[PDB]
Structure formats: C-alpha cells, structure tokens
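Structure assessment
Chain by chain, the residues:
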Amino acid sequence: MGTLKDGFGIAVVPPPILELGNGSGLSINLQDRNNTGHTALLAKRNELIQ
Amino acid sequence: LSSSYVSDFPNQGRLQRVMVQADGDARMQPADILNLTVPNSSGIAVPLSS
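Residues numbered from 1 in each chain as written, not as in the entry; some residues may be left out. Chains lettered and ligands numbered in written order. Part of a larger assembly, values for the part shown. Heavy atoms only, no water.

A word on the overall build of chain B
Selection criterion: Here a helix means four or more residues in a row that DSSP labels H or I, a strand means two or more in a row labelled E, and each is numbered from the N terminus. Note that the radius of gyration is over C-alpha atoms, with the globule rule given as 2.2 Å times the number of residues to the power 0.38. By the convention used here, residues are in contact when the closest approach between their heavy atoms is within 4.5 Å. Computed with a 1.4 Å probe, the accessible areas rest on the Shrake-Rupley method; for each residue, only the protein chains presented here act as cover.
Helices and strands together make up the secondary structure of chain B, namely 1 helix and 2 strands. Order of helices (α) and strands (β) in chain B, N terminus to C terminus: β-β-α. For a compact globule of 50 residues, the expected C-alpha radius of gyration is about 10 Å, and chain B comes in at 16 Å, more than 25% above that figure. Along the first, second and third principal axes, the C-alpha atoms of chain B reach 50 × 30 × 10 Å. Sequence separation of at least 24 residues holds for 5% of the intrachain contacts in chain B that already meet a minimum separation of 6. Element-wise, carbon and sulfur atoms account for 57% of the exposed surface of chain B, whose accessible area totals about 4,400 Å².

What follows is the structure, encoded as structure tokens:
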C-alpha cells in the first residue's frame, strides 16, 4: 500500500481447507433466466450491492 | 426434399440450427420425381423420366 502505486495487490494467508470456508462464506451468483444481456445483469448486481 | 442441415446461428444467447428445404406443394406427389431435372453441367434440362 505504501510503495506500490499500482493495482491493489492484497496478501492473505490461505485457509488449510478451501471447501470449508473462512467464517462467513456467503457467495451469490446472480443469474439471467431470460438472456437480457450483460449490462442489465451488471446493473442488477450493482443494485443488489447497494 | 431431404432437409439438409447447413449451419448454426445465434438466437437468445444460444446456438440454434438452420435447415433449408423445399416448400409444401413441391414434395406432396411423386410426380415431382418425374420432372426432377439435372444441371447436366451445360444448362440442358434432361428430365429424369428418360
């Protein structure tokens, strides 16, 4: 964060078993069942984030 | 009248097929087999009855 004016470059300790998660493991996959495009799905993802 | 399959085309995010065939009234009677012409590599009709 100090001397690397670049992309963010996060460092993290990996979990020993990836399938068991790290505490909170909520993963959301917003789908599109009507094939309305990509920008509408990104707008719905931004609305869900907000 | 054999309904040949040519290629695919995109529709609603999927890849559907394109099928080329004759119309309805050209494959109803066997008499269409009687006057089924050949290209003959010159342009002459040469009907199939001979």
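On we go.
A few points about the packing of aromatic side chains
For clarity, the cut-off: Any two of the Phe, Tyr and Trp rings considered here, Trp counted by its six-membered ring, make a pair once their centres fall within 6.5 Å; the pair's planes then place it as stacked at under 30 degrees, edge-to-face at over 60, or tilted in between. Placement of a positive charge over a ring is assigned whenever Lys NZ or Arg CZ falls within 6 Å of the ring centre and within 35 degrees of the normal to the ring plane.
This structure, assessed with the given rule, holds 0 aromatic pairs over all chains. Here the basic side chain of B:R17 rests over the ring of B:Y5, its NZ or CZ set 5.8 Å away from the ring centre.

Observations concerning unusual backbone geometry
For B:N40, which is not a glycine, the phi torsion comes out positive at approximately 65°. Relative to the helices and strands, B:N40 resides in the segment after helix 1 (31-34).

Quick look at a nonpolar patch on the surface
Residue and element names in this part refer to chain B. In plain terms, the rule: Each patch groups residues whose relative accessible area exceeds 30% and which form no salt bridge, using 9 Å between like charges and 5 Å between nonpolar side chains of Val, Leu, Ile, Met, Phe, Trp and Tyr. Each reported salt bridge corresponds to a side-chain nitrogen of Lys or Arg within 4 Å of a carboxyl oxygen of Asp or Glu. Categorising residues by exposure relies on relative accessible area from a 1.4 Å probe, with only protein chains included: less than 20% of the type maximum marks a residue as buried, more than 50% marks it as exposed, and the intermediate range marks it as partly exposed.
A surface patch of nonpolar side chains, about 700 Å² in accessible area, is lined by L1, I33, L34, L36, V38, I44, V46 and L48. Tracing the sequence through the fold places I33 in helix 1. Note on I33: relative accessible area 41%, which makes it partly exposed.

Observations concerning the pairing of strand 1 (residues 4-11) of chain B
Residue and element names in this part refer to chain B. For clarity, the threshold we go by: Here a strand pair is declared whenever DSSP counts at least two bridges between the two strands.
Here strand 1 runs beside strand 2 (residues 14-20); their pairing, made up of 7 bridges, is antiparallel. Along strand 2, the bridge assignment pairs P10 with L15. Taking the residues that link successive antiparallel strands as the turn, the strand 1-strand 2 hairpin has 2 residues, and the phi of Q12 there is positive, at about 55°.

Keep in mind these numbers describe shape, not what the thing actually does.
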